[PDB]
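Some notes on the structure that comes next.
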Amino acid sequence: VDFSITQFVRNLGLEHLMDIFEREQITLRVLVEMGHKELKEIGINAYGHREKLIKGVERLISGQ
């Protein structure tokens, strides 16, 4: 069970997407490599939500 993705997604205010991440067995390490194509594939349908996740990963990486 990956708790690090739950924390990352809650911080973005995207906890409504956790049902998708859990069903798709997405860990934080896997999410980090997902772009618009991959996120649209798993059902993250709104461009603004995908951008929030993608920019959220860039900032998590650049911040560290």
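Residues 874 to 937 in the entry's author numbering are what the sequence shown spells out, letter by letter.
From the three backbone atoms N, C-alpha and C, an ideal C-beta is built for every residue, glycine too.
Use the C-beta contact count for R923: other C-beta atoms within 10 angstroms, 16 or more gives buried, fewer gives exposed. By the neighbour-count rule (16 or more Cβ atoms within 10 Å), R923 is buried.
Does the distance from the CB of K910 to the CB of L885 come in under 8 angstroms? No, Cβ-Cβ distance for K910 and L885 is not below 8 angstroms.
Would you give the residue range spanned by the alpha helix (DSSP H) that residue 866 belongs to? Lying before the first or after the last residue shown, residue 866 is absent from the chain, which here runs from 874 to 937.
Checking 8 angstroms against the spacing of the C-beta atoms, do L912 and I878 come in under that value? When the beta-carbon positions are compared, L912 and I878 stay at least 8 angstroms from each other.
Pairwise C-alpha distance: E906 and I915: The alpha-carbon atoms of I915 and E906 are separated by roughly 14 angstroms.
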